[PDB]
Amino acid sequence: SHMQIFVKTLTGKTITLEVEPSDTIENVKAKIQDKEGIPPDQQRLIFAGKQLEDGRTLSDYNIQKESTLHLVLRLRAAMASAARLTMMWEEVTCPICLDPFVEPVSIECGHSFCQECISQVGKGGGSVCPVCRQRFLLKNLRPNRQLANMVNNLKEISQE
């Protein structure tokens, strides 16, 4: 039997979830991922002066119907360093697909994209750079393998 609870963000947004007393805290973070797009790694749930652990249930924490939870985003402060490790993912993020680079290549201006992402932009042999609008030709695509090695390094870091 599903029940309703509320998860309010510090921004002001309130979320309504259909949950069960037997749901673990990680089950709720998955329901938050499907509805809000936020991955479970970046979720820290709060209820009644306690931080909640993924292995325990809503019933363990006396979370009944119409209970209000507080969602905090990336509350914790480090995996190496919170903000700095985040900056490393952003440097290897494709500006087009917003995912980590897949076969990263550079164009004339020096900006780098996924090979397939920039190839779609330059259908016909060329276009303008999405970041700086300088003209580029697909024949001058240049592999940027250090960015790809950086992606796997960070992916290994994520899974320890």
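Start at 1 with the first residue shown and count on from there.
For the pair 19-27 and 5-13, the mean B factor over Cα atoms is greater in 5-13. The stretch with the higher mean CA B factor, choosing between 130-138 and 52-60, is 52-60. Note on the listed residues 34, 99, 108, 103: the highest Cα temperature factor in the record is that of 34. Looking only at 42, 112, 93, 67, the residue with the top Cα B factor in the deposited structure is 42. In the PDB entry, a CA B factor belonging to the middle third of its chain's modelled residues is recorded for residue 87.
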